[PDB]
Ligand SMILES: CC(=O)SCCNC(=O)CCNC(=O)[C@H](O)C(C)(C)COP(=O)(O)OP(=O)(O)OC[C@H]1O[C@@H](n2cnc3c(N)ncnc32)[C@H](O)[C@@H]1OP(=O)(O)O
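Just the one chain here, laid out as structure tokens, in the form solved without acetyl coenzyme *A.
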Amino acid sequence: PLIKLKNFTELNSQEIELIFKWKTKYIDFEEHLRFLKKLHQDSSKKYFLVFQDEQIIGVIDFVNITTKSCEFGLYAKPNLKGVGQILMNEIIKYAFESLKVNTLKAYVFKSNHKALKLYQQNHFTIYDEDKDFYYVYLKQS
């Protein structure tokens, strides 16, 4: 497969340093490790580093995972263009085929017009709005 996922629970020291930057102080390092330790213990969250041909292209995450739904987040490596759709493919595939949820949800800042556009192109619908966010969903059925 061209596209591969590495769980955050398996990241090495170079990877951790690199992605949080998107010389490290001990306190930052320690805070990053405590987060990684929490993820070993938390079945409701999963974070992945995404690789295309063995090169990092981004991070995707799923939080508040239940049997029926989850929320997700996506962050492209900051100097790359055109990887949003790749990351979206991976998110939808993992949620529907591995987590087997019926509903994928996200919330985005209302100014994040790049994200909203991407989500709309992947058939997401806006279902709510508050002061800060638009809330979007996609259902498998």
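The numbering used is simple: start at 1 and walk along the sequence shown.
- A chain break between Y127 and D128 is not present, all residues of the deposited sequence in that interval being modelled.
- Looking at mean Cα B-factors across 110 to 118 and 58 to 66, the upper value is held by 110 to 118.
- Relative to one another, 119 to 127 and 13 to 21 have unequal mean CA B-factors, and 13 to 21 is the one with the higher figure.
- Ranking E90, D42, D28, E97 by Cα temperature factor from the entry places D42 first.
- By the numbers in the PDB entry, the CA B factor is greatest at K38 among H32, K81, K46, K38.
- Ranked against the other modelled residues of its chain, the C-alpha B-factor of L5 as given in the entry falls in the middle third.
One more form of this protein, solved in complex with acetyl coenzyme *A, exists but is not displayed; see below.
- Ligand-free form, site status open: acetyl coenzyme *A, modelled in by superimposing site C-alphas onto its pose in the entry with it bound, keeps every atom beyond 2.4 Å of backbone and C-beta atoms.
- Taking the partner from elsewhere, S69 is found to have every heavy atom lying beyond 4.5 Å of acetyl coenzyme *A in the entry with it bound.
- None of the heavy atoms of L18 is located within 4.5 Å of acetyl coenzyme *A in the entry with it bound.
- Heavy atoms of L80 reach within 4.5 Å of acetyl coenzyme *A in the entry with it bound, making it an interface residue.
- Heavy atoms of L49 never reach within 4.5 Å of acetyl coenzyme *A in the entry with it bound, leaving it off the interface.
- Proximity of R34, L36 and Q41 to acetyl coenzyme *A in the entry with it bound is absent: no residue of the three has a non-hydrogen atom within 4.5 angstroms.
- Although acetyl coenzyme *A is not shown here, in the entry with it bound the stretch 65 to 81 places heavy atoms of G73, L74, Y75, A76, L80, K81 within 4.5 Å of it, in sequence order.
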